[PDB]
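> Residue numbers (full-length UniProt numbering), protein chains in the order written: chain W, 28 to 125; chain P, 28 to 126; chain V, 21 to 103; chain Y, 21 to 103; chain A, 11 to 119; chain Z, 11 to 119; chain R, 37 to 136; chain X, 37 to 136.
C-beta atoms are modelled at their ideal positions from N, C-alpha and C, and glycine is treated no differently.
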Amino acid sequence: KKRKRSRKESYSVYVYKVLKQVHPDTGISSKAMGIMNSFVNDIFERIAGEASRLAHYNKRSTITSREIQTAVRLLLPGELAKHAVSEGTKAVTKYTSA
Amino acid sequence: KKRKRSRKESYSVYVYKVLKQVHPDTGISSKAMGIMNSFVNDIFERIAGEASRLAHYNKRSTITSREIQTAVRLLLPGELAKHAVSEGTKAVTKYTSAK
Amino acid sequence: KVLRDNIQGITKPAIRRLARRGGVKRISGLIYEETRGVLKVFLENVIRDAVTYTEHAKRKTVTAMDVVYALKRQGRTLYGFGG
Amino acid sequence: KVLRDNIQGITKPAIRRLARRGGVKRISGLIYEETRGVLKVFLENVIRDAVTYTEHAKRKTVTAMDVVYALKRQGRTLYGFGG
Amino acid sequence: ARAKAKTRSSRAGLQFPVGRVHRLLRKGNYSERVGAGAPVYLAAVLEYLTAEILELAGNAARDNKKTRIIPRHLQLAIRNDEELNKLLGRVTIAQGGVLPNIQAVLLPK
Amino acid sequence: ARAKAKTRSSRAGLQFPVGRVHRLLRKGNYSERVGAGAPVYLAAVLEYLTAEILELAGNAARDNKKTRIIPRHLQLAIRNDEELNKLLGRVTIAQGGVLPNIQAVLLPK
Amino acid sequence: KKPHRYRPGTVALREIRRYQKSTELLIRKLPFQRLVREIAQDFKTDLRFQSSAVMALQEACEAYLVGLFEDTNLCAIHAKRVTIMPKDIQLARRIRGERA
Amino acid sequence: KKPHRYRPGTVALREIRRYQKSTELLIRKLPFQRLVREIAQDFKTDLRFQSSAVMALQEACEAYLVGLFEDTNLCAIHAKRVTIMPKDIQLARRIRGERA
DNA sequence: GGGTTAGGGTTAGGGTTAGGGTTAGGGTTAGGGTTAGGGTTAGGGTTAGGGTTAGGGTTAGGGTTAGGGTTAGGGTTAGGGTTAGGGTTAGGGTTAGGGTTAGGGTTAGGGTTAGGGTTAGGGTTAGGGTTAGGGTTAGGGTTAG
DNA sequence: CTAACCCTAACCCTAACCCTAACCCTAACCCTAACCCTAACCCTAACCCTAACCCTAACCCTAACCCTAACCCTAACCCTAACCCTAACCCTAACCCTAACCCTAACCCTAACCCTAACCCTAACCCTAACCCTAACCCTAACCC
């Protein structure tokens with residue numbers, strides 16, 4: 028016994044923080060958290076696969092930002108793509124300035 | 028004329044020598060040639076991606092003949108799957124007997 | 021392990037409840053057999069993929085992860101059980 | 021161009037021959053506008069994808085490889101118009 | 011020497027683990043080399059999507075007069091939002107259900 | 011001495027470039043390490059598929075009373091045999107046309 | 037004698053409104069486990085299953101059946117009819133897929 | 037002299053076999069290229085298309101239209117009718133999963 | 001009612017544009033070394049699945065009676081099919097232009113790697129709080145007058 | 001059009017378990033030193049799109065005639081819907097055992113760089129035979145009589 032289990036990881040600690048900013052008093056369940064984790068992992072793997080395919084098509088060897096932006100514009104539908112691009116550019120600009 | 032140029036790689040000669048074996052006294056056109064090349068590339072990409080996913084799911088970092096056979100069984104339908112498995116096992120046995 | 025009675029397990033009343041949720045008022049009498057047939061056809065492929073994944077994993081226990089990986093190959097993705 | 025007769029370029033005969041190849045004997049008079057709209061939307065989607073690929077490639081020409089990669093995203097692969 | 015360590019997330023202003031996103035891209039064999047703005051970009055996109063989904067789920071839960079976000083609310087929000095339904099069409103949420111909708115022809119005469 | 015070189019394809023008696031398949035699997039960034047029997051297996055599978063497709067195309071050309079293999083014969087063969095249409099259902103072949111099939115209801119009296 | 041007998045259709049619409057709100061399962065678990073254990077006997081012998089596996093199987097099967105019944109209901113309403121017939125499922129396990 | 041005149045359906049059935057036997061394109065290239073230009077004018081200006089992209093687009097569009105017309109003919113025959121109506125295309129797109 | 005019409009193979013027959021065979025060359029695979037890391041065997045442990053017993057409680061099958069739905073039939077009328085006659089438009093030439101992209105030749109900004117060093121999320125308890133269960137109860141529905 | 005009657009939506013307790021906090025700590029994210037492979041940038045040359053002028057040509061647009069299939073009204077009965085009574089079968093706990101999944105060591109065994117030629121694959125050239133268009137010659141199909 029004595030624990031001896033592969034320590035598993037998830038995004039449960041990060042989802043809870045986001046919920047508190049968007050709605051202050053609500054709460055979430057374990058099944059909903061597991062569904063959100065699967066959704067995040069699926070979006071992550073979709074973005075990664077699209078970026079890798081773009082990099083292999085353009086005969087490049089590094090996945091830089093412009094690649095993720097094109098992957099987002101190709102995957103996300105309408106105004107969600109524009110909003111995600113705007114927020115990503117804001118985050119990249121803040122990270123470059125600081 | 029200018030600073031060199033570009034050479035492109037295609038599986039033609041191989042498809043032509045396979046056609047000469049499967050049907051003597053037969054020709055082919057460039058359209059069918061490109062179609063067969065695209066088909067071969069698509070099957071290659073499918074079997075490579077399935078094998079990579081099978082290797083990544085089991086915390087392994089080596090694509091082997093077992094993973095290739097599993098990918099073939101998962102991709103190909105019925106009789107073609109078993110035929111390809113047998114013809115691949117025969118080639119693997121011949122290579123193991125003589126390298 | 022009875023062939024006929026294991027398929028006959030999906031009883032006529034249950035199939036009615038699955039059609040009332042979809043929005044069906046009147047149901048014929050020759051729908052249940054075809055529904056059981058389609059269910060068998062789907063389950064055969066799903067279980068084939070799951071058993072193939074289990075045999076490739078060198079194990080004798082089918083897991084929810086293997087079931088999800090088998091379902092994702094056919095197209096439909098499930099969020100909830102496993103992940 | 022920018023003319024308003026652009027969609028009208030697909031003539032009534034063209035649709036008749038397409039439906040004959042599909043396998044239709046009698047055609048109504050309100051199928052043409054629906055076919056033109058569906059064709060325009062299907063062209064707009066693929067052209068949007070191709071323009072996105074071209075802008076990501078930092079070029080001003082639209083090659084056949086971009087169209088092939090755009091069609092492979094929607095699920096309909098095209099064999100032979102490009103490697 | 012050294013300095014009080016500042017997490018890369020804090021430097022940018024996000025809430026997702028940029029280090030974990032970078033490690034997953036490294037151990038994913040997607041490419042040979044990985045940049046420095048791609049993990050922050052993907053984390054920001056994921057955070058925006060999660061915030062939108064959680065906002066819709068909280069709205070649905072408040073409409074259902076409950077404090078717990080059940081998968082029913084998630085399913086309702088996803089099937090009501092057109093863009094989210096187009097993004098997640100082949101996705102089936104467990105313990106979700108379907109939208110209550112009856113055809114007009116099937117209605118009492 | 012280096013001695014004579016027996017091509018890897020020859021030792022296995024195939025017709026596809028096993029040396030090129032290995033290089034493609036290495037440069038494709040699919041995994042970190044690649045075995046030795048995987049390229050031979052993949053080349054054998056590709057050779058079998060190509061041989062079957064070319065045999066069907068040659069049969070179609072013989073039925074069409076021609077000596078060349080046009081994409082029409084490829085389309086006819088793929089749409090005809092049981093396990094080829096299911097494998098390539100979403101595939102659209104240019105200059106292939108459609109399969110002749112007319113419904114019995116639209117037929118004359 | 038009036039036993040409040042409802043006209044044909046009212047009880048059906050009531051059951052529709054009832055089942056379009058709940059999220060529970062509409063299929064028994066023991067005969068479904070029997071079926072998924074019997075089907076797996078053709079591919080290999082002596083396999084053991086978990087609970088979450090058959091749970092996900094039942095969930096996916098119920099979702100697919102609900103979708104197929106919705107498509108069949110649409111096909112039946114398109115034919116100026118209210119009841120569903122086996123002729124509609126085939127034009128559906130076809131326009132879509134899965135081979136009628 | 038005045039011809040026997042063909043009964044309705046004969047010419048259609050004769051042209052069906054001719055158009056199913058051939059492989060050539062049924063849409064003119066010049067009116068389609070200008071339509072592609074007009075559609076691409078909205079996304080970005082100063083675009084230059086090659087000689088193969090337009091052909092591939094035309095091939096894909098003709099294949100999609102042939103498939104859609106086949107589905108429409110199937111839906112029309114299912115409705116105990118011969119001619120096709122705009123409701124058949126809408127039903128086909130609804131069952132396929134493209135419209136809704 | 002066995003013809004008139006009347007579109008579709010069938011065959012010489014000549015012309016021609018595209019597969020098929022032949023060399024010269026760059027280039028990429030295989031051979032013989034050394035080195036280190038992931039994959040296989042052999043154990044122990046521990047925990048989840050299958051097989052048994054026990055009720056007893058929701059519910060499906062089998063009837064009975066009935067009323068709403070389907071299919072066939074008939075009639076009517078627009079809405080497609082078919083054909084001729086004229087005229088804009090599509091398509092193969094030819095010419096000129098110039099915007100473009102695929103390379104070379106440098107060069108500095110950005111990539112990976114390792115070793116400590118500190119810290120934040122994962123693995124444990126506990127406790128108070130939300131909703132499901134079980135009674136009443138008004139109100140909106142429904143069957144039938 | 002109310003009666004009579006039924007099935008839902010809606011409160012006032014209870015309490016139970018699943019969610020929300022507080023601990024311990026260990027694997028993992030940062031800084032700070034190297035380093036070089038990758039990407040940016042300018043110059044240039046060939047080409048391959050982009051415009052415009054030609055003709056005629058199969059092609060499309062508009063009109064008239066008229067056989068036809070879609071649409072609507074009516075009747076029959078046969079398939080299907082609502083309700084009750086069994087009693088067989090689903091559902092829940094506890095017990096018991098055992099096979100199978102996961103940790104824990106040691107070790108070959110198979111895989112990864114790296115010069116070095118050298119034979120295999122690709123780019124041009126020349127050729128000619130298989131395919132395509134042009135005209136007679138039946139040749140079988142429609143569909144009235």
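1) Run through DSSP, which three-state label would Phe79 (chain R) get?
2) Just to confirm, is the Cβ distance from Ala67 (chain A) to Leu98 (chain V) under 9 Å?
3) Among W:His50, W:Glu77 and W:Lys29, which residue has its Cα nearest to the Cα of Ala70 (chain A)?
4) From what residue to what residue does the beta strand (DSSP E) around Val42 (chain P) run?
5) Apart from the five residues just before and just after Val44 (chain A), which ones in its own chain have a Cβ nearer than 8 Å to its Cβ?
6) Do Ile55 (chain P) and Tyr51 (chain Z) come within 9 Å of each other at the CB atom, strictly closer than that value?
7) For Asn109 (chain X), is the classification buried or exposed, using 16 other Cβ atoms within 10 angstroms of its Cβ as the cut-off for buried?
8) Give the interface partners of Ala77 (chain V) over in chain P, defined as CB-CB distance under 9 Å, in chain order.
9) Per the contact definition of three or more C-beta pairs closer than 8 Å, is the stretch 90-106 of chain P in contact with the stretch 53-73 of chain V?
10) Report yes or no: is there a C-beta of chain W within less than 9 Å of the C-beta of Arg72 (chain A)?
11) What are the residues that DSSP puts in a beta bridge with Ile120 (chain X)?
12) In angstroms, rounded to a whole number, what distance separates the CA positions of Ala112 (chain X) and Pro27 (chain A)?
13) Within the same chain, show all residues whose beta-carbon is closer than 7 Å to that of residue 120 (chain Z), passing over the 5 residues directly before and after it, in chain order.
14) Using 8 Å as the cut-off, can you tell me whether the stretch 59-79 of chain X makes contact with the stretch 22-31 of chain Y, which would need three or more C-beta pairs spanning the two stretches below that distance?
15) Let me check understanding here. Comparing Cα to Cα, which of W:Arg73, W:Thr97, W:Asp52 and W:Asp69 lies closest to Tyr38 (chain W)?
16) Grouping DSSP H, G and I as helix and E and B as strand, with all else coil, what is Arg43 (chain A)?
17) Determine the contact status of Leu49 (chain X) and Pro118 (chain Z), defining contact as a CB-CB distance below 9 Å.
18) Going by C-alpha distance, which of R:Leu127, R:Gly133, R:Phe105 and R:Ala128 is nearest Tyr52 (chain V)?
19) Quick one: any contact between the stretch 77-89 of chain X and the stretch 42-59 of chain Y, if contact means 3 or more CB pairs under 8 Å?
20) Using the beta-carbon of each residue, which ones in chain V are nearer than 7 Å to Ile52 (chain R)?
21) Suppose the cutoff is 7 Å on Cβ atoms and the five residues either side in sequence are ignored; what does the same chain contact list for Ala108 (chain P) look like?
22) Give the range of the beta strand (DSSP E) segment to which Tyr99 (chain Y) is assigned.
23) Cβ of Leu116 (chain A) less than 9 Å from any chain R Cβ?
24) Since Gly95 (chain Y) meets chain Z, which of its residues come closer than 8 Å, beta carbon to beta carbon?
25) At the level of alpha carbons, what is the spacing between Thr53 (chain W) and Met63 (chain W)?
26) For a contact defined as C-beta to C-beta under 7 Å, what are the partners of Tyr99 (chain Y) on chain P?
27) Restricting to Cα atoms, I'd like to know which of W:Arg32, W:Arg30, W:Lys47 and W:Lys86 is closest to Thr77 (chain A).
28) Please report whether the beta-carbon of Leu101 (chain R) lies at a distance below 9 Å from any beta-carbon of chain X.
29) Helix, strand or coil: how does DSSP classify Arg135 (chain X) here?
30) According to DSSP, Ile55 (chain W) sits in a beta bridge with which residue or residues?
31) So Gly103 (chain V) contacts chain R; which residues on that side make the cut at Cβ distance below 8 Å?
32) Could you run through the stretch 42-67 of chain V and flag, in chain order, every residue whose CB is less than 9 Å away from some CB of chain R?
33) Output needed for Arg130 (chain X): all residues of its chain with C-beta closer than 7 Å, excluding positions within five of it in sequence on either side, in chain order.
34) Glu98 (chain X) touches chain Y at which residues, Cβ-Cβ below 8 Å?
35) Quick one, which residues of the stretch 103-122 of chain X are near chain Z if we go by CB-CB under 8 Å, in chain order?
36) Whose Cβ in chain W lies nearer than 9 Å to the Cβ of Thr72 (chain Y)?
On the basis of the supplied data:
1) One-based indexing of the seventh sequence puts residue 79 (chain R) at position 43. In the structure shown, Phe79 (chain R) sits in coil (DSSP, three-state: anything other than H, G, I, E or B).
2) One-based indexing of the fifth sequence puts residue 67 (chain A) at position 57. One-based indexing of the third sequence puts residue 98 (chain V) at position 78. Taking 9 Å as the Cβ cut-off, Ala67 (chain A) and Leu98 (chain V) do not qualify as a contacting pair.
3) Numbered from 1 along the fifth sequence, position 60 holds the residue referred to as residue 70 (chain A). Of the candidates W:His50, W:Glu77 and W:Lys29, the one whose C-alpha sits nearest the C-alpha of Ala70 (chain A) is W:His50.
4) If you number the second sequence from 1, residue 42 (chain P) lands on position 15. Not the beta strand (DSSP E): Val42 (chain P) falls in the alpha helix (DSSP H), residues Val40 to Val49.
5) In the fifth sequence, the residue the question calls residue 44 (chain A) occupies position 34. Cβ within range, chain order: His32, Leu35 and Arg36.
6) In the sixth sequence, residue 51 (chain Z) corresponds to position 41, counting from 1. In the second sequence, residue 55 (chain P) corresponds to position 28, counting from 1. Cβ atoms of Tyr51 (chain Z) and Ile55 (chain P): not closer than 9 Å.
7) Against the eighth sequence, residue 109 (chain X) aligns to sequence position 73. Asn109 (chain X) is buried by the Cβ-count criterion.
8) Translated into positions along the third sequence, residue 77 (chain V) becomes position 57. Chain P residues near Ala77 (chain V): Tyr84 and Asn85.
9) yes
10) In the fifth sequence, counting from the first residue as 1, residue 72 (chain A) sits at position 62. Taking Cβ atoms only, chain W reaches closer than 9 Å to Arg72 (chain A), which makes this a yes.
11) Locating residue 120 (chain X) in the eighth sequence gives position 84, counting from the first residue. Answer by DSSP bridge pairing, in chain order: Y:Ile47.
12) Stepping through the eighth sequence from its first residue, residue 112 (chain X) is reached at position 76. Stepping through the fifth sequence from its first residue, residue 27 (chain A) is reached at position 17. One C-alpha to the other measures close to 55 Å.
13) As displayed, chain Z neither begins before 11 nor continues past 119, which places residue 120 (chain Z) out of reach and without an answer.
14) yes
15) In the first sequence, the residue the question calls residue 38 (chain W) occupies position 11. It is W:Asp69 whose Cα lies nearest to the Cα of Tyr38 (chain W).
16) Looking up residue 43 (chain A) in the fifth sequence gives position 33. Residue state, collapsed to three classes: strand.
17) Your numbering for residue 49 (chain X) matches position 13 in the eighth sequence. Your numbering for residue 118 (chain Z) matches position 108 in the sixth sequence. Contact: yes.
18) Position 32 of the third sequence, counted from the start, is the residue given in the question as residue 52 (chain V). Answer by Cα proximity: R:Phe105.
19) no
20) Along the seventh sequence, one-based indexing puts residue 52 (chain R) at 16. Neighbours of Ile52 (chain R) on chain V, chain order: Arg40 and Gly43.
21) On the second sequence, residue 108 (chain P) is found 81 positions in, with the first residue counted as 1. Closer than 7 Å at the Cβ level, and outside the excluded window around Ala108 (chain P), lie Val99 and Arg100.
22) Indexing the fourth sequence from 1 puts residue 99 (chain Y) at position 79. Element bounds for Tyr99 (chain Y): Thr97 to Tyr99.
23) Taking the first residue of the fifth sequence as position 1, residue 116 (chain A) is located at position 106. So yes, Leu116 (chain A) belongs to the interface.
24) For the purposes of this step, residue 95 (chain Y) is identified with residue 75 of the fourth sequence, where counting begins at 1. Neighbours of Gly95 (chain Y) on chain Z, chain order: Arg100.
25) On the first sequence, position 26 is the one that residue 53 (chain W) refers to. On the first sequence, position 36 is the one that residue 63 (chain W) refers to. Going from the Cα of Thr53 (chain W) to the Cα of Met63 (chain W) covers about 16 Å.
26) As a working note, residue 99 (chain Y) is residue 79 in the fourth sequence. Within 7 Å Cβ-Cβ: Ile62, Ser65 and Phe66.
27) Taking the first residue of the fifth sequence as 1, we reach residue 77 (chain A) at position 67. Nearest C-alpha to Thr77 (chain A): W:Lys47.
28) Indexing the seventh sequence from 1 puts residue 101 (chain R) at position 65. Answer no: the Cβ-Cβ gap between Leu101 (chain R) and chain X never drops below 9 Å.
29) If you number the eighth sequence from 1, residue 135 (chain X) lands on position 99. Residue state, collapsed to three classes: coil.
30) Here the question's residue 55 (chain W) lines up with position 28 in the first sequence. Per DSSP, A:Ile79.
31) The sequence position of residue 103 (chain V) within the third sequence is 83, counting from 1. The contacting residues do not exist; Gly103 (chain V) stays about 10 Å from chain R at best.
32) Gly42, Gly43, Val44, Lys45, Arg46, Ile47, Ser48, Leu50, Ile51, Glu53, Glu54, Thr55, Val58, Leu59, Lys60, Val61, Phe62, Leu63, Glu64, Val66 and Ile67
33) As a working mapping, residue 130 (chain X) is identified with position 94 in the eighth sequence. The answer, listed in chain order, is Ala136.
34) Here residue 98 (chain X) refers to the residue found at position 62 when the eighth sequence is read from its first residue. Ordered by position in chain Y, the residues that pass the 8 Å Cβ test against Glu98 (chain X) are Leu38.
35) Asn109, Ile113 and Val118
36) Counted from its first residue, the fourth sequence places residue 72 (chain Y) at position 52. In chain order: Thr97, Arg100 and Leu101.
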